[PDB]
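Presented as structure tokens, the chain that follows is alone, the form deposited in one PDB entry.
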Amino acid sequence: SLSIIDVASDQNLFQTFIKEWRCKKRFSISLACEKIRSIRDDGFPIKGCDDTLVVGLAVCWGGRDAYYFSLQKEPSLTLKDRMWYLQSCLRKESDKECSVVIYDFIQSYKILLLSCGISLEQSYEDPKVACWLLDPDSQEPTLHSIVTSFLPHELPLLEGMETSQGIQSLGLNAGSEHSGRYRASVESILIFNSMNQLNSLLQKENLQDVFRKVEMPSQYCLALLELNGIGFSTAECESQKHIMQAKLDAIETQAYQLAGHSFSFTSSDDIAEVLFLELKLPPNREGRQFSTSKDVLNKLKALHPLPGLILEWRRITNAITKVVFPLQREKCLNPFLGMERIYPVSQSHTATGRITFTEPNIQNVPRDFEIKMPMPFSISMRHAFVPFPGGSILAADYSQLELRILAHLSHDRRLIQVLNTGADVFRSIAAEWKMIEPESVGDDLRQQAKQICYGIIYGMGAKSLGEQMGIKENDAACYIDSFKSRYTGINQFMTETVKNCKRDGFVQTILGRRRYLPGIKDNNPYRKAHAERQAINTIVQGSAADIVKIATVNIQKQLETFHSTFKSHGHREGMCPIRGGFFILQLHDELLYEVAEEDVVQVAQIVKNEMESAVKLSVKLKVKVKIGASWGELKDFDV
């Protein structure tokens, strides 16, 4: 079976291992974390858990042999020289081509850099990203799930360890009451052989170029982002919280003085029984007596002031109960930079290809919205995200990215001609719908126009479009058919995509990633329409995500070949004025960068150029770089 070889305590064996490791061009290094249940002797401490330590590594390069490097203090080779050799063997020198294979690459990168002090810089392979690339809408892979599906022969090796069931590497988890050496070696072996199998399957499926050109470098950029962390104030959040609490108290007092009956706003039954039947306000067509949602109250805001007040109350509460407490609970002092930041946890296992943050979900911070205090106070929570002192947020978003991708994929000559020239379409359709002049639109009206346009692109209509359109169904359908007649490319693209998905069973992104939609053949009109809508949405959203990833990796390369300094806020922990192009957040269309006010004039170019040359499309890509002292007040930048 396994042939674990301890490289420590032997000198000739250590030198042989070093030379063979340097000769080999494909590693399978894996970490090994253990408990302190019996410091500075057994290993290196880990940030976030003081009860766990890192002991050693398991390196495999073929067969069932898993060499075990030891970082333990436990004498010809001391800790310093072993660390020196370990760092030297993990760096690219003289076009040395290597392919490191790590399970859960981001976590291992962070653990090695922050604790041990080693930043591996080579070509990475993760036997959990390729599995997603194969089937994008499966469960999050586990070591047991990978071994069962791709390396069944070594399946009996995974016996006695129940930690493989969870979504975490075998060596990193501190449970199972096993020695870290054995878990690390077994992991190493499995993630090498199964990764060989995955590479074979990827080459068969023609997805290896995407895997090694745009996916793993994107994971590296995400690791840098998670090391950086978005800044925080804790001085503006309290101000907004106090203002919102005062407004909530005012709303409650006004409701009490108006109706005179206890409400319990969170209780839908009480609201229905005191609003739909008590205080007039007849309900719509459809305990559980009447529906109380945003749409039903929006349809009768003007009839009575009370529904508007309760909608305002619910909207304000769904900013302190869901956006204020999560941020205030999750903060870090970050002594080096002298400010409180917040470090999210990314996830790239989404169905389309987008990246979502899950602790907290920073991509859902509420926008700016006015308020009345018996003039608007601008209580937006985005005002509390600030850069390091002497820094500026340098956001850079594509303008109409999905629309441009759709124009490129549809070959609509008229739409391409419209988009290539400098003009606007969403504002124009908003003004035409609201009869105001074309050069006049509100921000909420802009958002509503975006919703309407993307809905009619994705195939909605009939009664659904009417509620947001505020118009009858007949003229709405007339407008829909007229637009379909003057957007021939869009309808032809929809028909072609549906037919191709019917023929093949999968829709292919512009880069090559494909998603499987069996529901196309569901024989049920509702589910068939849902699957067609999924295909049409995916073929564009995945393309947008891939273009954003290409832009991210290109920007990272361009600002890493320049600006000689630490690559991230986590790299300076391994020890100078802060100067660089740090990457802090991605909003599915934007790349927030935390730039000091000395490289901005350069970075605002390097970003704006590199986002424009990411993919050669028929329609030119537009980038709107905006600079500001905070995520709330972002003013446009000339260049």
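Sequential numbering from 1, following the sequence displayed.
### Message
Does the chain run continuously from residue 286 to residue 287, or are deposited residues unmodelled in between? Answer none, 1 to 3, 4 to 9, or 10 or more.
### Response
Missing residues, residue 286 to residue 287: 10 or more.
Continuity check for residue 601 and residue 602, given as deposited residues lacking coordinates between them: Per the deposited record, the segment joining residue 601 and residue 602 has no missing residues.
Omitted here: the form solved in complex with a small molecule. The next part is about that form.
Just to be sure I understand the contacts: of 433, 336, 506, 562, which is the one whose heavy atoms reach within 4.5 angstroms of the small molecule in the bound PDB entry?
The residue from 433, 336, 506, 562 that makes the contact is 433.
- Task: With the small molecule left out of view, choose which of 511, 415, 133, 536 has a non-hydrogen atom within 4.5 angstroms of it in the bound PDB entry.
- Result: Contact residue from the list: 415.
> Should residue 355 be counted as a contact of the small molecule in the bound PDB entry, where contact means heavy atoms within 4.5 Å?
Replying inline: Outside the cut-off, so no.
key: Partner proximity in the bound PDB entry: residue 486 to the small molecule, non-hydrogen atom cutoff 4.5 Å   = Output for residue 486 is yes: heavy atoms within 4.5 Å of the small molecule.
>> Test of understanding: in the bound PDB entry, would residue 351 fall inside 4.5 Å of the small molecule by heavy atoms?
In response: Answer no; every heavy atom of residue 351 is more than 4.5 Å from the small molecule in the bound PDB entry.
Check residue 224 for me: does it contact the small molecule in the bound PDB entry (non-hydrogen atoms, 4.5 angstroms)? Taking the distances in the bound PDB entry, the answer for residue 224 is no, it never comes within 4.5 Å of the small molecule.
Among 196-204, 162-170, 308-316, 422-430, which stretch sits within 4.5 Å of the small molecule in the bound PDB entry, heavy atoms only? Selected range: 422-430.
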